[PDB]
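Chain naming here is simple, since letters A, B, ... match the order of the sequence lines and numbering starts at 1 in each. Computation of the quantities below employed the complete heavy-atom set of this structure, encompassing side-chain atoms and omitting hydrogens, waters and symmetry-equivalent molecules.
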Amino acid sequence: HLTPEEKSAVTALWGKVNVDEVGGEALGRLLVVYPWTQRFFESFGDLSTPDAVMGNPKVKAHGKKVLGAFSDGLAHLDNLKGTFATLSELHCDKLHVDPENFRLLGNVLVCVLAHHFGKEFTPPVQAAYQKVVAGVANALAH
Amino acid sequence: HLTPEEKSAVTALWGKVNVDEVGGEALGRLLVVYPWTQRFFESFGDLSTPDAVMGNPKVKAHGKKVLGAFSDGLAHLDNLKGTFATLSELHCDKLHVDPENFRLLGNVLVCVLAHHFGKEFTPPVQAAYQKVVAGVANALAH
Amino acid sequence: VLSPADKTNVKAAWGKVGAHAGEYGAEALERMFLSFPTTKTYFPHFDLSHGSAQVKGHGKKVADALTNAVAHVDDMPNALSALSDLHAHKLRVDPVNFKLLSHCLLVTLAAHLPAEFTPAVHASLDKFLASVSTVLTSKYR
Amino acid sequence: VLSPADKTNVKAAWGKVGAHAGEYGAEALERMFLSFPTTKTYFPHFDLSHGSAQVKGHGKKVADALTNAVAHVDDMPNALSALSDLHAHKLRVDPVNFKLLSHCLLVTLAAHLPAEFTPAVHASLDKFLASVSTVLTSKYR
Ligand code: HEM
Ligand code: HEM
Ligand code: HEM
Ligand code: HEM
């Protein structure tokens, strides 16, 4: 799927991602840009405005776990459907997350990386990350 | 996937489908209701109006082959991803049919069955066919 | 965006539905609950059994709303603003579910009104329901 | 449907793009061709190599059109009717491809204008591009 040069590109940039912040910024933007996804996080408290969403502690703590799982995916790019098997169960059996939403989060994460890295998120680097987030979206769909 | 009672329902109704007509009516409606799909059939001639589309001989002859393949699917409901493997290659390698379109044709076929069978296409029968056309759409996506 | 021909088609078709719009609304809901069971998660306090009087009454409300959407097909954001507040702000219905109920309504109209459900009408009805769906899922007020 | 706040957001953001709209249009096309290579099938007679002058000129045309869509955001069907004729009637572009170019434009604006691309603006821009996309893919004239 990925070329050896694509894998090196994806890896190098991921070494520079703040893993305390990026996950939250992505989950945060998902809730603001596609507001029906707020239904799945009713227990997280106040999600009433963008400023509320982006400052919610529980959104930040949960984005850290989401980004943790993307990291585990980048370490097992060849075996994504195995790395994410328990996680597909959870999103389908307990919640029923329509699989279109997994594709939306992947694309919000690419925007947040663009936002953080600027001119360093070149078209070739973006094209490598689009392959990884499509990978992850497909292994979550149950 | 299907219950033994669902399989019997799906089979009984399919025994009453006109296999010379239904395939064309479905392909015909796909081209009229979702007009960007006309791009994939430029060689078929005049597709300029609904009356033109529904009367095109080449649309009718091609709908017969599409319905032939749905029939082969209903005979191998347990092994759909094998029955359709060559066919997934063709729609992806030679054409690039976006897999959302496979889901649209399946839903147009359910409407045409509704249209032909009327009160006999009960909610339980429809729910069995939705499982079969989702099955087929997924085995075509490459 | 609806063409002028699309609007004539929808007005004529829905007109034929007539005083059966309630029963058609109820049948479409029953088809959606049976074919796509995740949709039941939006109606936890409902009785959703076959022949339920709650589904029958809800199907009537859904149909009356579509009748009104048809009569204000040029000004739909303004005629449906309260439904939009309910579906997009309060219930947070995922937009995928609107495609499902739209399909179940087309199936219901095809099974009951076969002579009206030509390919041209099918195409107009499908565009109408997508446009109604887009107003219901958008927060714009 | 855009809220009044969505419209203020889009006007302010696109205003900041300014005289860079051409270069942003070209970069978005290059991102879409590289990330989603099936889109190249719509441009068979183009040179699509990196730094191509045809892509640069096309990117400028796409950007000028979006500027005009922004200035007529209340009356978009009427301001974009010729583009709609081209994309829906003549080219028959599959609607999925509009989601792809919309994403590549958001990525381009995020990489170049980070201070403007807040979550509120991101949400407005995304709704604007979906609405432009719906007018381009509909036959209504
Ligand atoms: C696309 C990549 C996604 C990944 C990698 C991901 C990953 C995760 C992880 C790691 C958890 C926590 C698992 C645990 O602690 O046991 C989780 C939980 C959850 N995810 Fe996702 N997720 C994704 C997409 C989504 C989407 C699109 C939604 C909803 C629209 C969603 C809604 C949830 C919810 C509700 C939980 C449970 C949270 C809670 O109970 O507090 N996820 N996901
Ligand atoms: C969803 C179920 C579908 C099935 C079962 C199906 C089946 C078939 C079959 C059996 C063939 C002919 C194979 C052969 O003769 O070797 C074929 C060809 C083709 N299909 Fe499909 N198809 C489906 C969906 C679609 C869709 C959604 C499109 C386009 C939107 C499409 C476009 C084509 C085209 C262009 C050809 C080649 C026709 C030609 O060259 O004349 N198909 N398909
Ligand atoms: C054309 C599409 C739709 C129309 C016209 C429609 C119309 C309506 C109407 C008129 C109401 C009742 C309003 C009231 O009494 O205040 C309603 C309520 C509701 N709708 Fe929809 N609806 C549609 C689609 C959907 C879909 C797709 C879902 C979920 C799958 C949904 C879920 C609900 C729920 C949960 C209620 C509240 C029921 C209750 O609390 O009693 N609707 N809808
Ligand atoms: C916001 C979305 C889009 C905008 C504003 C847009 C705008 C334009 C404009 C202004 C033109 C040239 C019009 C002219 O010179 O007469 C054009 C042409 C064209 N567009 Fe688009 N477009 C968009 C999306 C797309 C997408 C998604 C595709 C395909 C993936 C596409 C394919 C084409 C093609 C093939 C041409 C013709 C190029 C040529 O023949 O020279 N467009 N578009």
key: Which atom of D/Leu34 lies closest to which atom of A/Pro124, heavy atoms considered   = CD2-N, 3.7 Å
inquiry  = Taking side chain as everything from C-beta outward and backbone as N, CA, C, O, which of these in D/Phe36 sits under 4.5 Å from a heavy atom of chain A? Side chain, backbone, both or neither.
reply    = side chain
key: Interface moiety of A/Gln126 toward chain D, non-hydrogen atoms closer than 4.5 Å   = both
inquiry  = Which heavy atom of A/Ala127 sits nearest to which heavy atom of D/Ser35, and what is that distance?
reply    = CA-OG, 3.5 Å
key: Neighbour count above 12 (heavy atom, 6.0 Å) for A/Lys81 NZ   = yes
query = Roughly how far, to the nearest 0.5 Å, is the NE2 atom of D/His112 from the CZ atom of A/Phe121?
reply = 12.0 Å
message = Other residues, nucleotides and ligands only: do more than 12 of their heavy atoms fall within 6.0 Å of NZ on D/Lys99?
response = yes
key: Residue A/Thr122 versus chain D: region with a heavy atom under 4.5 Å   = backbone
task = Might you point out which heavy atoms bring D/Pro119 and A/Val32 nearest each other, and give the distance in Å?
result = O-CG1, 3.8 Å
query = If you take all heavy atoms of D/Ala110 and A/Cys111, which pair is closest and at what distance?
reply = CB-O, 3.8 Å
request  = Say whether, by atom type as modelled, one donor and one acceptor occur between the side chain of A/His115 and the main chain of D/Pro114 under 3.5 angstrom.
outcome  = yes
Under 4.5 Å from any heavy atom of chain A - which part of D/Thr118 = backbone
note = In terms of heavy-atom pairs under 4.5 Å with chain D, the winner among A/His116, A/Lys119, A/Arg103, A/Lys131 is A/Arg103
message = Are more than 12 heavy atoms, taken from residues, nucleotides or ligands other than D/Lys56, located less than 6.0 Å from that residue's NZ atom?
response = no
task = Using non-hydrogen atoms and a 4.5 Å limit, figure out which bit of A/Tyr34 sits close to chain D: side chain, backbone, both or neither.
result = side chain
ask   = Which of these passes side chain to side chain contact (heavy atoms under 4.5 Å, CB included) with D/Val107: A/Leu113, A/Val110, A/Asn107?
value = A/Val110
key: More than 12 heavy atoms from other groups under 6.0 Å of NZ on A/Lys64   = no
inquiry  = More than 12 heavy atoms of other residues, nucleotides or ligands under 6.0 Å from NZ of D/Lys90: yes or no?
reply    = no
